[PDB]
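Data first, discussion second: the structure below is written as structure tokens.
Residue numbers run from 1 in the order of the sequence given. Every heavy atom of this structure was used, including side-chain atoms; hydrogens, water molecules and symmetry mates were not.
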Amino acid sequence: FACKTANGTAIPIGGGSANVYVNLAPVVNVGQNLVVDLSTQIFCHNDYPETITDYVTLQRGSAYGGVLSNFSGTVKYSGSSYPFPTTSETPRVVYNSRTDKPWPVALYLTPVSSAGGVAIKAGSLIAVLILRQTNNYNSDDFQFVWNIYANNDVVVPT
Ligand SMILES: CNC(=O)c1cccc(-c2ccc(O[C@H]3O[C@H](CO)[C@@H](O)[C@H](O)[C@@H]3O)c(C)c2)c1
């Protein structure tokens with residue numbers, strides 16, 4: 001089990017860390033959502049699908065910078081949504097193919113009442129998402145740590 005990103009970096013067997021750089025809607029109103037879809041950013045696969053079933057969770061999702069200060073919301077994982085920043089570990093998604101498969105995580109972030117002006121700065125860390133991978137074969141329990149950075153400013157109109 002290993003993963004790759006849309007910026008040409010990777011995390012090998014056993015886990016580790018990578019940076020992810022996301023383009024963001026440049027304008028988000030109070031009462032609306034900024035959607036940060038990581039399923040176009042992070043992809044993983046199973047290295048022995050004939051024999052091994054890989055299990056993948058979102059173990060933890062943390063907010064940083066402008067997201068931490070200026071937004072609240074939820075994270076959608078494989079069709080179900082949970083509070084973000086996270087308060088538990090999600091259910092498992094199965095990886096059962098050698099073919100790249102997206103990690104089905106998306107953030108739905110809505111501005112807090114006091115947000116206004118530039119609410120997320122270009123280049124800044126906005127989140128850290130921990131993918132936990134286990135399997136039905138051995139005791140492997142690995143963390144794939146994804147540091148999510150904004151490519152651009154996000155403005156919340158006054
Ligand atoms: C055709 N293959 C073969 O004959 C063949 C023979 C002997 C061994 C393997 C093989 C390959 C990879 C293995 O572990 C890695 O991949 C797993 C699936 O993604 C993960 O669950 C693990 O955590 C880890 O990342 C493991 C444990 C075994 C394969």
Other than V118, which residues form its hydrophobic cluster under the rule that side-chain heavy atoms must be closer than 4.5 Å?
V155
Go through the structure and list residues passing side-chain hydrogen bond (donor to acceptor under 3.5 Å, both in side chains) with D153, not counting sequence neighbours.
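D153 satisfies side-chain hydrogen bond (donor to acceptor under 3.5 Å, both in side chains) with no other residue.
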What residues, two or more places apart in sequence or in another chain, satisfy side-chain hydrogen bond (donor to acceptor under 3.5 Å, both in side chains) together with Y55?
none
Write down the atom of [X], the atom of [Y], and the distance for their closest heavy-atom approach.
X	Y	value
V112	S69	CG2-O, 4.0 Å
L129	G61	CD2-CA, 3.8 Å
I11	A2	O-CB, 3.5 Å
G66	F71	O-CD1, 3.5 Å
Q41	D37	CG-O, 3.9 Å
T57	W103	O-CZ2, 3.9 Å

Do any N or O atoms from the side chain of [X] and from the backbone of [Y] form a donor-acceptor pair under 3.5 angstrom?
X	Y	value
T53	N136	no
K121	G65	no
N70	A119	yes
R132	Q143	no

Applying side-chain contact (heavy atoms from CB on, under 4.5 Å) to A63 and not counting sequence neighbours gives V67, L68, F84, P85
Is it the case that atom NZ in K4 sees more than 12 heavy atoms from other parts of the structure closer than 6.0 Å?
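Not buried by this count: 12 neighbours or fewer within 6.0 Å.
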Cut-off 3.5 Å, no hydrogens considered: what does the side-chain donor-acceptor table look like for residues 18-33, sequence neighbours left out?
{"unit_1": "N23", "atom_1": "OD1", "unit_2": "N151", "atom_2": "ND2", "d": "3.0"}
{"unit_1": "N29", "atom_1": "ND2", "unit_2": "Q32", "atom_2": "OE1", "d": "3.2"}

In this structure, is the centre-to-centre distance between the rings of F1 and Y95 below 6.0 Å?
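Ring centroids of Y95 and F1 are less than 6.0 Å from each other.
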My understanding is that only residues two or more places apart in sequence, or in another chain, count here; which of them pass salt bridge (charged side-chain N to carboxylate O under 4.0 Å, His left out) with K76?
none
